[PDB]
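**Q** Sharing a structure with you now.
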Amino acid sequence: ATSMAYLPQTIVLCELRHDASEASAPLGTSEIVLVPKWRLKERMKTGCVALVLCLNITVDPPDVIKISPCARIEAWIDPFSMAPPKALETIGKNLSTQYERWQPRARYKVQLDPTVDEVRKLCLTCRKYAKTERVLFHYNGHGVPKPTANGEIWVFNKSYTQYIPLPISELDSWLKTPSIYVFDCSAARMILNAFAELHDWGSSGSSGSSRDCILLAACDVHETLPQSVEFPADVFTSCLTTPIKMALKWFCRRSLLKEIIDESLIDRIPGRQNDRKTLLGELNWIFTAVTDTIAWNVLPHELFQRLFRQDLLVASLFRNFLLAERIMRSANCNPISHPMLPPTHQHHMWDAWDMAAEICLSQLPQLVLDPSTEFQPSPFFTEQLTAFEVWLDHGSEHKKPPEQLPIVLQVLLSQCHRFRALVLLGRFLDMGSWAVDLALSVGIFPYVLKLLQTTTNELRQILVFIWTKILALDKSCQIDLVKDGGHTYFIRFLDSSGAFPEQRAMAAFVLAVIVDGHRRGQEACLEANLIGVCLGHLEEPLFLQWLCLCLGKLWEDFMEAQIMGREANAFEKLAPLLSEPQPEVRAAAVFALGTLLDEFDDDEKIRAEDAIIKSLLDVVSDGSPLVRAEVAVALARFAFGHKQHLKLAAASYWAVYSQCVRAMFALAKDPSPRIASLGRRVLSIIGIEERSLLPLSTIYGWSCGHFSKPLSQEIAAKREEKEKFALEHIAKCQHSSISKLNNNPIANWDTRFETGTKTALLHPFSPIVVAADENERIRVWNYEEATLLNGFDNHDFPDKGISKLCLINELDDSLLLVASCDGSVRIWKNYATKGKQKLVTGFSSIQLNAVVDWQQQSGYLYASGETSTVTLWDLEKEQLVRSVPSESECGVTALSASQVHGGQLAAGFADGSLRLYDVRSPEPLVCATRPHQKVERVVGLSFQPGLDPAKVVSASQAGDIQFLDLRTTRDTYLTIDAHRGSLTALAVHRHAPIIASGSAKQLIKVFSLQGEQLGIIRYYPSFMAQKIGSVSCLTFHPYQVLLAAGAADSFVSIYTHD
């Protein structure tokens, strides 16, 4: 209905720029500095590979053997079918060929049944070949006795008569720090235990380790390698080196029962290891994805990173070790590694591999018959991306990492699942910093960096989201991006064949971060005309904001870019964004202009550096502290560069330079304490009491929070509850006739104000009074419970003087506006909480006896006083919207905004005049009337209760209240003579037909809107002073017939009408 004009859905000062409790981020503190833990720089290379083979062919050792079948296949060869010498050549050749596929660019040394001193001349050469690079010493002891409790590997002599004992101590003395061993012998623990007892315990805080000496061992002290023909005599070496071949042959024998699927088809699998679009390769690819996923979920970050990320061979060997773990288990063997790693066999994940291998093996029958390449890709990758989706959708928390992360990695460059894997990765990166740290920890960075080279425009928007979330965590990625030419990708994106300005803002953020304190990246972006691209778009708020922030970071303390900005006319395109309605845009634009800086002379830059500082000085008086903090910093820069002039200009103060000094002293006296401390610091640059002394801008830092963060019904329910109450009590106010005044109060509340309460206010929806002292001390008191809820000081400046108290956003979470007699406005959040008040915004209206009124409907603050003009502030924008000429030539003494009709103002004047202003009209002055005829100031005025533009208005100090409606006539509706002179307060209810008036005698009178006296209250001195002349506070409750009252004394009394 029409009564919704009492009920404006118009919230103000609730954005993240004025933010609240567990963040003082809103322009004052710098951005939070980081501490990541994915920063491995050492990528190691296993350079030399020695292959020791102790297997005297046919001459079996005297340990156990004795089985008549007896396995002796080694590197997929039968040594009995090639005599002693040429079998041992081919086994030596094949084993290197098998190892060579994991690390193709290394050196491979082979020795056969060696002497002690022959192994000596391997190990020393392998250090001399690879000093800091790692060496791989592979041992095979199938034709020698098993290792001893002492730690004694067995080798041969020259004539092949004796088994010579070679201790572990002597090996380790020839192979130091970067080394890795593989022991494919029987009792392998007898070696690992021997190595552990070489070097002393201590060094690190782990189980039992100190060196960088890594070990892989086939089985325990008490365990023997299998003699069964279904296994080779080489199961560990085949597991580590030929995992797919070994895994499939094991799958036939030890699950499907083999006799269906010909096992020589496994030797003849179509394709190669590298082709993911072939069977052999996809099968290989899946096993890497599977086994790497087992390693990531099971191991801690530090160990996983070491074994599976640092060295590619050490990764491959440890991946393929997890097969041995499982396969050797079926052959009465428990393998071990020196970096132990916990149980990996029968993890939920080998299930997925077993599935994958079986489906592959069923297909193998057909592909060998004819190379039809009718090769179905396994659903493995599609399936587990859908499994990753189930984690993101249902259970979208920090409830133990998603498990598919490593498989989301493996997919990233395959065309068939590329796009959705990145989309799901972005979806994952979104939920927090913790997620980005896991992503980067696994190994996402280089792939995500590689994808910046794709011409594929389908992938290009999602990559920006990914890089936005990464860079918003780790700034240091600056360096990597520039080194690999990734900075170009985002500049091309801003020029955009595509669209969507929310995507372009993200690309400007990334570019700002690439450049941020990074001269090689500043230089890189400059050569790619980033100034041209950015300025191009300066001819939506977030995008504009980040175009300015991007430009600013590029100029910032960089002469070459500033020179380009000047002669690209940077100022002339940025300047109009100083008038945009969003403070965030205005603040960022100031920053940009600010970072361009640093007798009679004219050189290009002077005209630029003057035009800049002039346009900046226009913004000195901007309504938001976000902007003014940034104007201070631009002034601090300018001041540093023009100290010598401003010192001489400031002396005469105590054209442009005298204007700059005024702004500094204005900024030091600013309402917001943060902007004030800045203004002080700008004065000390001039010497009125050094890049540490230059104050740091905060807009970039604060703005970055949006991108390091995810990209209601209780609020709307509370809204309804207060609105119900409002509409119901407006009706009661309107229609229930008001009786006499109950002279007995419901508080004699002692405020303890030593001089007396100057003004007060009542909360509409709860039983609270806010009262203000003459020196702007603010006290909040619960009249229902009788208890001090809170106490402020509204500012600590020495010159005090309260003028006005209003609530803002009554209908949901009130903020206390506090106006001072010098026109400064401060708006406080959580004023009624025990000590938990925060200044939401402070600004200086009027640029005195200042007078103020708020208008929720329009979002306007009307300010005026002893000035020719009425200032008009839009608090949604935080901008001076218009300076309306009052047109009288004496001051404004009273001010009332119509709560019903937006842009409708009533002002009373020092000579008893009265003026209606429609502030939205071109001609603001609607009418001007004298009514009441004593030339004395209008002490108070207000629009009448109701929806018409009639007016209670004009209590003159002379003591006569004058009703009038300016639609029909100028002369007064109704006159009431409340006081023989000395009228000191007037109070008019918002809805109910009742008014109150105060006298500078002692005295309060209450009147119905028709003009009956409903009551008198008389207020008495306590000792003999007789100073009850400041009946200044006199205010009605918004929705109840309840009057708060108090004078120059101490107390605040609250009266009712029975």
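Following the order of the structure tokens, chains are lettered A, B, ..., residues in each are numbered from 1, and ligands are numbered from 1.
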Please report, as a PyMOL selection string, each residue of segment 459-661 of chain A to which DSSP assigns helix (DSSP H, G or I) when run on this structure's backbone.

**A** chain A and resi 459-471+477-483+487-495+501-515+519-527+530-537+541-555+559-567+570-578+583-595+605-619+625-641+643-653+656-661

**Q** Would you kindly return, as a PyMOL selection string, each protein, DNA or RNA residue with an atom no farther than 8 Å from any atom of segment 19-36 of chain A, considering only C-alpha atoms and excluding same-chain residues fewer than 4 positions away?

**A** chain A and resi 14-15+437+473-474+625-626+629+674+696-699+701-702+838+840

**Q** Quick one: residues within 6 Å of residue 779 of chain A, only C-alpha atoms counted, chain neighbours fewer than 2 positions away excluded, as a PyMOL selection string?

**A** chain A and resi 770-771+790-791

**Q** Tell me, as number ranges by chain, which residues lie within 6 Å of segment 95-109 of chain A, counting only C-alpha atoms; anything in the same chain fewer than 6 positions away does not count.

**A** A: 47-50, 75, 241

**Q** Expressed in Å to a single decimal, how great is the separation between atom CA of residue 769 of chain A and atom CA of residue 827 of chain A?

**A**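 Rounded to one decimal, the two atoms are 16.7 Å apart.
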
**Q** Do a neighbour search on residue 866 of chain A at 10 Å with only C-alpha atoms, toss out local chain neighbours closer than 4 positions, and write the hits as an MDAnalysis selection string.

**A** chainID A and resid 846 848:851 870 889:893 909:910

**Q** Distance atom CA of residue 888 of chain A-atom CA of residue 826 of chain A, one decimal place?

**A** 28.6 Å

**Q** Closest to residue 482 of chain A among A:509, A:303, A:371, A:449, using only C-alpha atoms?

**A** A:449

**Q** Give me, as a PyMOL selection string, all polymer residues having an atom no more than 9 Å from segment 183-188 of chain A, counting only C-alpha atoms and skipping those fewer than 6 positions away in the same chain.

**A** chain A and resi 137-142+144-148+215-225+234-237+335-336

**Q** Can you list, as an MDAnalysis selection string, every protein, DNA or RNA residue that comes within 10 Å of residue 430 of chain A when you count only C-alpha atoms, leaving out same-chain residues fewer than 2 positions away?

**A** chainID A and resid 424:428 432:436 465:466 468:470 707:711

**Q** Which is closest to residue 963 of chain A among A:42, A:977, A:630, A:810, if we use only C-alpha atoms?

**A**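 That would be A:977, the residue with the smallest distance to residue 963 of chain A.
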
**Q** Of the candidates A:853, A:721, A:172, A:302, which shows the shortest atom-to-atom distance to residue 441 of chain A, using only C-alpha atoms?

**A**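 Of A:853, A:721, A:172, A:302, the one nearest residue 441 of chain A, counting only C-alpha atoms, is A:302.
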
**Q** Between atom CA of residue 327 of chain A and atom CA of residue 243 of chain A, what is the distance, to one decimal in Å?

**A** 10.2 Å

**Q** Between A:131, A:980, A:242, A:911, single out the one closest to residue 267 of chain A, counting only C-alpha atoms.

**A**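 Of A:131, A:980, A:242, A:911, the one nearest residue 267 of chain A, counting only C-alpha atoms, is A:242.
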
**Q** Hey, what does DSSP flag as strand (DSSP E or B) within segment 53-238 of chain A? Can you give it to me as a compact mmCIF listing (two decimals) with N, CA, C and O atoms, in the first residue's frame?

**A**
# COMPACT_ATOMS: atom_id res chain seq x y z
N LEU A 53 75.53 -57.81 -11.46
CA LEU A 53 74.84 -59.08 -11.67
C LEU A 53 75.67 -60.27 -11.19
O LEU A 53 76.57 -60.73 -11.89
N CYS A 54 75.37 -60.73 -9.98
CA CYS A 54 75.98 -61.93 -9.41
C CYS A 54 75.02 -63.12 -9.60
O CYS A 54 74.15 -63.37 -8.76
N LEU A 55 75.18 -63.82 -10.72
CA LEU A 55 74.41 -65.02 -11.01
C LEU A 55 75.23 -66.00 -11.85
O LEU A 55 75.19 -65.97 -13.08
N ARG A 107 73.81 -42.57 -18.00
CA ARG A 107 74.81 -43.57 -18.41
C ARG A 107 74.66 -44.88 -17.66
O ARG A 107 74.39 -44.89 -16.46
N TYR A 108 74.86 -45.97 -18.39
CA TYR A 108 74.50 -47.31 -17.95
C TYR A 108 75.70 -48.25 -18.01
O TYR A 108 76.11 -48.68 -19.09
N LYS A 109 76.26 -48.56 -16.84
CA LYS A 109 77.44 -49.41 -16.70
C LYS A 109 77.03 -50.82 -16.26
O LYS A 109 76.32 -50.97 -15.27
N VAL A 110 77.48 -51.83 -17.00
CA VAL A 110 77.13 -53.23 -16.74
C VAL A 110 78.39 -54.02 -16.36
O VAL A 110 79.42 -53.91 -17.03
N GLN A 111 78.29 -54.81 -15.29
CA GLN A 111 79.35 -55.74 -14.88
C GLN A 111 78.77 -57.08 -14.43
O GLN A 111 77.69 -57.13 -13.83
N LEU A 112 79.52 -58.15 -14.69
CA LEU A 112 79.00 -59.52 -14.65
C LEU A 112 79.86 -60.40 -13.74
O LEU A 112 81.03 -60.64 -14.03
N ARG A 134 72.84 -37.94 -8.75
CA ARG A 134 72.63 -39.21 -8.05
C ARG A 134 73.13 -40.39 -8.88
O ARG A 134 73.20 -40.31 -10.11
N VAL A 135 73.50 -41.46 -8.19
CA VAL A 135 73.94 -42.72 -8.81
C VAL A 135 73.02 -43.84 -8.35
O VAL A 135 72.60 -43.86 -7.18
N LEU A 136 72.73 -44.77 -9.26
CA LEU A 136 71.88 -45.93 -8.98
C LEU A 136 72.69 -47.22 -9.06
O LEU A 136 73.07 -47.65 -10.15
N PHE A 137 72.95 -47.84 -7.91
CA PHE A 137 73.68 -49.11 -7.83
C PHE A 137 72.69 -50.28 -7.68
O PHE A 137 72.20 -50.55 -6.59
N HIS A 138 72.41 -50.95 -8.80
CA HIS A 138 71.51 -52.11 -8.81
C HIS A 138 72.29 -53.39 -8.54
O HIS A 138 73.29 -53.66 -9.22
N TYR A 139 71.84 -54.17 -7.56
CA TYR A 139 72.47 -55.44 -7.20
C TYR A 139 71.52 -56.62 -7.45
O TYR A 139 70.31 -56.51 -7.22
N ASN A 140 72.09 -57.73 -7.92
CA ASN A 140 71.35 -58.97 -8.19
C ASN A 140 72.18 -60.15 -7.68
O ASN A 140 73.22 -60.46 -8.25
N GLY A 141 71.70 -60.79 -6.61
CA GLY A 141 72.41 -61.90 -5.94
C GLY A 141 71.63 -63.20 -5.91
O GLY A 141 71.38 -63.76 -4.84
N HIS A 142 71.26 -63.69 -7.10
CA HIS A 142 70.52 -64.95 -7.24
C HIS A 142 71.43 -66.17 -7.34
O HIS A 142 71.00 -67.28 -7.01
N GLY A 143 72.67 -65.96 -7.81
CA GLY A 143 73.69 -67.02 -7.86
C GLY A 143 74.82 -66.88 -6.86
O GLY A 143 75.96 -67.26 -7.15
N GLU A 152 77.08 -57.95 4.89
CA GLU A 152 78.13 -58.48 4.01
C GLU A 152 77.51 -59.04 2.73
O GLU A 152 77.00 -60.16 2.71
N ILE A 153 77.53 -58.23 1.67
CA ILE A 153 77.09 -58.64 0.33
C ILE A 153 78.15 -59.57 -0.28
O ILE A 153 79.34 -59.28 -0.20
N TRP A 154 77.70 -60.66 -0.89
CA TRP A 154 78.60 -61.67 -1.47
C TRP A 154 78.85 -61.43 -2.96
O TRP A 154 77.92 -61.16 -3.72
N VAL A 155 80.12 -61.53 -3.36
CA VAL A 155 80.54 -61.36 -4.76
C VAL A 155 81.49 -62.53 -5.10
O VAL A 155 81.64 -63.44 -4.28
N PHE A 156 82.11 -62.51 -6.28
CA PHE A 156 83.00 -63.60 -6.73
C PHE A 156 84.49 -63.23 -6.64
O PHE A 156 84.84 -62.13 -6.21
N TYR A 163 83.15 -67.41 -2.95
CA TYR A 163 82.26 -66.26 -2.76
C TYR A 163 82.95 -65.26 -1.83
O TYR A 163 83.05 -65.50 -0.63
N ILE A 164 83.44 -64.14 -2.38
CA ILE A 164 84.19 -63.15 -1.59
C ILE A 164 83.21 -62.23 -0.83
O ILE A 164 82.25 -61.74 -1.43
N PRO A 165 83.44 -62.01 0.48
CA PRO A 165 82.59 -61.11 1.26
C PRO A 165 82.95 -59.63 1.09
O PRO A 165 84.05 -59.22 1.46
N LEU A 166 82.02 -58.84 0.54
CA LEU A 166 82.17 -57.39 0.40
C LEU A 166 81.24 -56.68 1.39
O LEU A 166 80.02 -56.72 1.22
N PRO A 167 81.81 -56.04 2.44
CA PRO A 167 80.94 -55.34 3.41
C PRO A 167 80.21 -54.12 2.84
O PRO A 167 80.60 -53.56 1.82
N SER A 179 72.75 -40.89 -3.61
CA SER A 179 72.83 -42.27 -4.11
C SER A 179 71.54 -43.04 -3.85
O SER A 179 70.75 -42.67 -2.96
N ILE A 180 71.32 -44.09 -4.63
CA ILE A 180 70.16 -44.98 -4.47
C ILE A 180 70.53 -46.42 -4.83
O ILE A 180 71.17 -46.67 -5.84
N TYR A 181 70.13 -47.37 -3.98
CA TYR A 181 70.43 -48.79 -4.17
C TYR A 181 69.15 -49.57 -4.42
O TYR A 181 68.10 -49.24 -3.87
N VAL A 182 69.25 -50.61 -5.24
CA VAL A 182 68.18 -51.60 -5.44
C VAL A 182 68.79 -52.96 -5.16
O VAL A 182 69.73 -53.37 -5.85
N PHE A 183 68.26 -53.66 -4.15
CA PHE A 183 68.74 -55.00 -3.78
C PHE A 183 67.71 -56.07 -4.14
O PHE A 183 66.71 -56.24 -3.45
N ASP A 184 67.97 -56.77 -5.25
CA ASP A 184 67.19 -57.94 -5.66
C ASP A 184 67.98 -59.20 -5.31
O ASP A 184 68.55 -59.87 -6.17
N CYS A 213 70.79 -41.16 1.40
CA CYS A 213 71.02 -42.49 0.83
C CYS A 213 69.72 -43.31 0.86
O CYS A 213 69.27 -43.74 1.92
N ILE A 214 69.14 -43.52 -0.33
CA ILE A 214 67.82 -44.15 -0.48
C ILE A 214 67.99 -45.62 -0.85
O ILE A 214 68.86 -45.95 -1.65
N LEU A 215 67.15 -46.49 -0.31
CA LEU A 215 67.30 -47.95 -0.50
C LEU A 215 65.97 -48.60 -0.90
O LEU A 215 64.91 -48.20 -0.43
N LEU A 216 66.06 -49.60 -1.78
CA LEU A 216 64.92 -50.44 -2.18
C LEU A 216 65.31 -51.91 -2.01
O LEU A 216 66.28 -52.37 -2.62
N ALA A 217 64.54 -52.63 -1.19
CA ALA A 217 64.87 -54.00 -0.79
C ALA A 217 63.71 -54.98 -1.02
O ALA A 217 62.56 -54.68 -0.71
